[PDB]
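Take a look at the structure below.
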Amino acid sequence: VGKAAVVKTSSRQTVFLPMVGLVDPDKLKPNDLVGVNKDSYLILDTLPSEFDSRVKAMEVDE
Amino acid sequence: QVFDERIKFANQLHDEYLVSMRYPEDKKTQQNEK
Amino acid sequence: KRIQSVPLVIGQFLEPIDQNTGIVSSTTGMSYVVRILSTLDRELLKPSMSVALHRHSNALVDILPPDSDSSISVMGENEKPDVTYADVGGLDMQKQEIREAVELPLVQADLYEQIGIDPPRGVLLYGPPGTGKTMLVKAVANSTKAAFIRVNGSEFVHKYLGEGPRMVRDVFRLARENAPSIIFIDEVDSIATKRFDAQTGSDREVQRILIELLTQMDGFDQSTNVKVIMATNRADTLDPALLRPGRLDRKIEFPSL
Amino acid sequence: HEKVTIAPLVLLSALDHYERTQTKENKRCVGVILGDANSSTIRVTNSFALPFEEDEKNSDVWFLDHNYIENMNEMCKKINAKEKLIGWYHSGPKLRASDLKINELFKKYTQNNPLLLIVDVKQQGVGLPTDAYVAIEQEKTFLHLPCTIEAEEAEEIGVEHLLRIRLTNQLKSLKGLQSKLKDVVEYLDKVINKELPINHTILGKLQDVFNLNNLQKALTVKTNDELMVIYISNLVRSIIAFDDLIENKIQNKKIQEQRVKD
Amino acid sequence: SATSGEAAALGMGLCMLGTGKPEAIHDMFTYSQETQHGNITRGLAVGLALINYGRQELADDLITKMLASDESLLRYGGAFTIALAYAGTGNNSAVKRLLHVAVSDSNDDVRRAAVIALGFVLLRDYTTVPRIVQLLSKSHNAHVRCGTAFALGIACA
Amino acid sequence: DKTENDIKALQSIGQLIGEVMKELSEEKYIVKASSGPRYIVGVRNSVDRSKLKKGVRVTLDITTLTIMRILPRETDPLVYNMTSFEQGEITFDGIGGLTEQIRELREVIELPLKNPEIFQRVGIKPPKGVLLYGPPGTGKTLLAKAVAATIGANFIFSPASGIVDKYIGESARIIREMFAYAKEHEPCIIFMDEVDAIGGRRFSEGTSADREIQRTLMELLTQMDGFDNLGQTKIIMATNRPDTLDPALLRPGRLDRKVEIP
Amino acid sequence: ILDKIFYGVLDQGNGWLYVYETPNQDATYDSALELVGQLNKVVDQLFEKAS
Amino acid sequence: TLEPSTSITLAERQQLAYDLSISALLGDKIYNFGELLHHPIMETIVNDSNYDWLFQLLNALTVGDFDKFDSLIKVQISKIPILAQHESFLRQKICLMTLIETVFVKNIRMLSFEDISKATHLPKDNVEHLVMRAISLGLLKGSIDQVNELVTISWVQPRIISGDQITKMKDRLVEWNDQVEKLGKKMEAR
Amino acid sequence: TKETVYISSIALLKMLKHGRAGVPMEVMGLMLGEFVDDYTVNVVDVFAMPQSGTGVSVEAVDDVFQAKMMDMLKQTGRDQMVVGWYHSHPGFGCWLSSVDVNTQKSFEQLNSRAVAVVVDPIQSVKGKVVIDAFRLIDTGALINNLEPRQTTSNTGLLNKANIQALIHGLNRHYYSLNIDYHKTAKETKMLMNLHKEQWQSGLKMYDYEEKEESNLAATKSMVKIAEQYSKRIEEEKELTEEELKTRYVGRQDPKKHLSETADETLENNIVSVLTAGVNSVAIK
Amino acid sequence: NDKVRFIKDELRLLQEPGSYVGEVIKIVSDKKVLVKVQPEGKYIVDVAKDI
């Protein structure tokens, strides 16, 4: 079978890619937003400590 | 033996139609038309 | 002729314009105006016929065979010989009107030509929610061993807007092409409405599904082979234009009480 | 066994650097190939030459620099990373101690068995200017795998644009018939009569073709039943030949219509 | 030279008109296979055609080398080599060779050069010229239609 | 090697994933791309055409639009919806005091998922849906974790307002998912958490874009009455009060089990 | 046998039996319609064209 | 075939050939006793002291006499019937391979129970059951005919012998020589 | 005149193979050769270049990688001066390069003959291979030089040129795209013995038998299946023309069944000889 | 010759990218017409010289 990750672009397009050495299978999480390439759509950047986003109204006031 | 003649008989009718067209066309194409 | 070969794009014909020139609709969602290959002809195709397109230029290449998506493509027999009409009894009041508007035209279509009476094209099922069924409707296709197509009301709308009306034309078309079939649509009330259509508007149009259901219904149902069966619930709101004799005729209510 | 598939880009690219170096018959060119040797079908997607020097009077003299090979492998990682060294090729028809001893040298940088290639510069006989040979440790013998020529969709047609029925297809049939005649007569006459080589190991494979007018006369009675399909083909073809008279009779209306318009 | 290299073969070809020098035929032909140029090789093909003017069958040795070669520039001058050698009195074999080149060969410049060479062989009889070029003008090739365009106006001028 | 494999991983390209719709020919297939367009794609020698038929998800190419590899069938691989994140805390002994209604659930849940032949011998069909309702604060939320701490099978948590995200055709597709994954992942149990929405009649005031929720109710009703094989998969639907649910569901034929927790 | 149930032929003289396969014809519709369908339309292409 | 490996003295070669001899007595696999003739085995031993058993069985296959080899051996190997059973099999395997190319030049595949009866020195009843035993062991593929008394068997397993099929391989190509003219000239004329 | 690059058979395929990975993925390379301005241009050998963080750009050229490749090719006799760079740009498809604009102006300082060869529609090969070069015109206002001399100039009829968006001006001051190929004596005999239409060489009687063996059940089917569709077309459109007068008003109908069944009658005669020919010709 | 030339002339027409579809909205004296494309938005384009 082999280890492979499937990505879903923000344009609603599914792209299949083999396991990238820049990331680990334990670090890769399902339904997660990670930095991908614009051309090859390969997984390069990791998770920047944020699940999705703050949407619109959020107060970070301490 | 029969099928070998049918091919020759079919091509015989082909050879007859092979060359007959231009006979009426010699007079009309050489003469001037409207 | 071998230039295009395999890399062809699925499309559907729309309207003729010029000799060897016609407009189509690509599955990508962009309608282009291109020409027609010299080996084909406008008379060899149909308004609902599907054609093949080029990858980039999207030019018409080859006429596709009478096959399409239609959600999950069903040849009409999948594990059908299971239940019969005798499993659910007491329907003789309802079944009497069903057999005359389904079973009889499916077996012998010449009997309606001899009586000069227009056979009902469509079939509806009334009654409050909880009618059960999903038995006799399948039993007719099981006893007669004919083709059966089941497309739910929520399956007519593709994830893309323009694909919606292209798939609806394919539902009625695939039934008439190969063998007499029976078209079953479960809970179509989400489309056919009474003057509330699209819930006082939604998205962009959403009305493309109802337009094709009304237009394609009159185009088909000629040889008196394929019939349309639609089971709904009671909203006390229905489309009178669908009920017109020129489109749908047979109307059957569940014998409640 | 395994199989070999070499694209036409690799074969002709190996012949170009042969003439560009002005290499005569006394010298031969040696190079390396790239591809995937893991599967059962060996595919060669790339090739590179090497500065190979050899003495014509001594077969034990050769010049092979692995530093150019180590640098070549590092240069390919920046172009195509999916390609690895699957073996090495060489030019010239002759096989001497120069190309036989270096087969173990490329084995250090090649995980699989290096695939030997003889690139014919003059293209003498049949097809396949290059032959794929593999060696065994168990005795060593050079065996040829079923080398084929295949490429991608754009690569196969690409050479067609640069280069640019039933009777022509039958012309290649006679060329294959003489191939059966000329290969057996020349080889069998060498084993027999004068100078018998050590053999009967190959003879078992040769006579394995003859057992199954080379095949079987025992089916002659049954062949007439197999020929029936051929007779059936003439049943419809007799009407197919008559089907040409359908259009021939319809086309008679055209000229008859021309006489009316005239 | 990429500029004055063409005038050398053209200037020497005008001096070799008529029987010419048989030694200059093989000398200029050898330099065509050595140096691959854009105007020199095409220019040498014109020079080898001018020296063959009036030789008729005596030039068949060099014509065979041009027809067998796959070079586009050598095949361009091979058509006019037949046109100049067979000029004046026509030959039935000369037309047969020119018609075979304009068909089998796929080069548009050679097909255009072959149909133009038809007029110089057919100069004597100008009645059959328009009938031949009209049959070739009905093809799908534009260079053949363009070549037969001026080739008709040569003998009919 | 770890650094060199990083470049080797970046040399690879992307691959399109789609499902086969209709079979055009042996080497010609029609596969719908994940973006919604369809194309006629070819085949290779590394795949088996027996598994390339309709109803099987395959892998396409982003350049020549051809089939490359074969992947297992996964509709929309959303794991957070498929996995229930089971951490054992409360067991059947922590939900105690409900034992009158606890022994009622284990007969229609634990028994048919263990020894289904008990219901088959009598001839009754196994129950599909189970309704858990009652006053708030009785531990109805803990009922999902209590049953899941024993059986240990797969559990699908599907909140009401988490699947209502507005998209074209997606609202009705989410329900189709859970019943599609039930065949490959085994029937197990599917759980619904506090659904007050889709069970309404929804008279038309303009509905304010909520028409996408109407097709969600239609998909849930047609699934129970669908011709597909069901009854092994258990549907656990909990809510604050039952009346907000669709009376079409409350009637027999879809939801056969109403379990009150007073 | 005449009802197309059991396919076989017997022997009345010697009381024997013989082997008879179920199909009596192999793909007859091919040349059956190819023949009579041709004989109908072979004359249909002439009519008054000869007069 | 390996000269450098397994370097032993002359006395140990006869003991090694003795194990090679007794191993081939109880089975017919891997050619026959004549396989060791071309190999440096039978040529490295002496023709006396009961080391000639490999040479005696070479001509015993064609002659078909068991009493000649039984008198030159001891009671150890002669008390087992397997020795006599598999010895008669190699005698038939030579004749079973005569159906395709051995003697008949026309490559006509035929065998009768009368021809094998004289070769194996067995009656017509024993040769019918003996052919089935050779096919059941995986030697050759084919069947027989008891009604017409015929044996139809193909050829699979090659042998080590040469000179019988050498002339025919060229003779079968002579028929190809006469076929170059008629279809070679008529095809080029089209 | 202008610069028209004559690309060999090997150099053309290698540039398409370097940009073979991905539609949007972009690569680059280097061209080598020795030629003259005025007209004829040659390319000896080419090799790909690594991709930097900017993708295809002027800073993406690695002098360390370029110097090592010239040393590897020097021992193979392919060492030549730098004649330009070639690039494979992403699948945008508007005009050629999606990034490089003025980078060619900086390339003119190193070499005046430097050109940029770019294939715009990624990989599309059907009947021809479409490749596109670039030549900087610098100031194209008045009295610079005459491009329309060498070969095939003055294109751009109406609004249709290539992709049709360039029309006349093309990129900058009408660089006048022209590209032609060539073949040597060794490359001529190589393609004839390898690929002309399909590769039948290396083995003879298998291509005849295997085509028939895989089609055994198919040929008997295809002869029967196409037998119906042959007459079914003849039983539909042909019925329009029957008498001497007009009945069903045939227009294009008699010509439909003629052209469609013209090849069908030919294919039946082809398979009749192939089926009979393979089993014929000796083989006892 | 006419069939091959016709097929060759029709080949470049299929290789052409084609054209969109739209409806005329309004026209001005600047030879610029507003054409409303169904999938796309409204675009003001210049009329051809032939019309």
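Residue numbers (full-length UniProt numbering), protein chains in the order written: chain A, 113 to 174; chain B, 459 to 492; chain C, 87 to 343; chain D, 5 to 142, 151 to 176, 188 to 235, 259 to 308; chain E, 474 to 630; chain F, 89 to 350; chain G, 381 to 431; chain H, 198 to 387; chain I, 23 to 306; chain J, 52 to 102.
No residue lacks a Cβ here, since even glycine has one placed at the ideal position from N, Cα and C.
May I have the straight-line CA-CA distance separating residue i from residue j, to the nearest angstrom?
i: F/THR152; j: D/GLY39; result: 21 Å
i: F/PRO214; j: F/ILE323; result: 12 Å
i: E/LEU557; j: E/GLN509; result: 25 Å
i: E/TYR549; j: G/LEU426; result: 54 Å
i: D/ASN75; j: H/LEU217; result: 55 Å
i: E/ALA628; j: E/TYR599; result: 6 Å
Does residue i come out as helix, strand or coil in the three-state DSSP assignment?
i: I/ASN290; result: helix
i: D/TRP92; result: strand
i: H/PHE310; result: helix
i: I/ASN64; result: strand
i: I/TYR203; result: strand
i: H/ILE297; result: coil
i: C/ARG121; result: strand
i: H/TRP373; result: helix
Pick from the options: whose alpha carbon is nearest that of residue i?
i: D/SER196; options: I/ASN133, I/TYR61 and I/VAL303; result: I/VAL303
i: G/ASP410; options: I/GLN186, I/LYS218, I/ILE32 and I/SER243; result: I/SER243
i: E/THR562; options: E/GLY592, E/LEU625, E/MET489 and E/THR476; result: E/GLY592
i: C/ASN106; options: C/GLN308, C/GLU129 and C/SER267; result: C/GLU129
i: G/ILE385; options: G/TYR400, G/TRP396, G/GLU428 and G/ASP406; result: G/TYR400
i: I/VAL80; options: I/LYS205, I/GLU130 and I/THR174; result: I/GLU130
i: H/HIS283; options: H/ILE219, H/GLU372, H/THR349 and H/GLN376; result: H/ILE219
i: I/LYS24; options: I/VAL104, I/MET212 and I/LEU158; result: I/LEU158
i: F/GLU272; options: F/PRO160, F/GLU92 and F/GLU114; result: F/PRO160
i: I/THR287; options: D/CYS159, D/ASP289 and D/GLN302; result: D/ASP289
i: F/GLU282; options: F/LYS228, F/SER134 and F/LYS233; result: F/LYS228
In this structure, what does DSSP give as the bridge partners for residue i?
i: J/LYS93; result: J/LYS87
i: D/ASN50; result: D/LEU38
i: I/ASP93; result: In DSSP, I/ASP93 forms no bridge with anything.
i: residue 345 of chain C; result: Since the first residue of chain C shown is 87 and the last is 343, residue 345 of chain C is not available in this structure.
i: H/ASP342; result: H/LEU347
Run through chain J and tell me which residues come within less than 7 Å of residue i, C-beta to C-beta.
i: C/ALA195; result: Correct list: empty, because the minimum Cβ distance to chain J is about 40 Å.
Can you list the residues of chain I that residue i reaches, using a CB-CB cut of under 9 Å?
i: C/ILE149; result: What C/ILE149 touches in chain I: nothing, since even the nearest Cβ is about 13 Å away.
i: C/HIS142; result: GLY115, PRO143 and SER146
Using a cut-off of 9 Å between C-beta atoms, extract the partners of residue i located in chain G.
i: D/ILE285; result: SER411, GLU414, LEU415 and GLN418
Give the residues of chain F in contact with residue i, contact being defined as C-beta atoms less than 8 Å apart.
i: D/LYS86; result: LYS96, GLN99 and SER100
Are the C-beta atoms of residue i and some chain K residue less than 8 Å apart?
i: I/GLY149; result: Considering every chain present, this structure includes no chain K. Its protein chains are A, B, C, D, E, F, G, H, I and J.
Starting from residue i, find everything on chain I with Cβ-Cβ shorter than 7 Å and list it in chain order.
i: D/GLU293; result: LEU280
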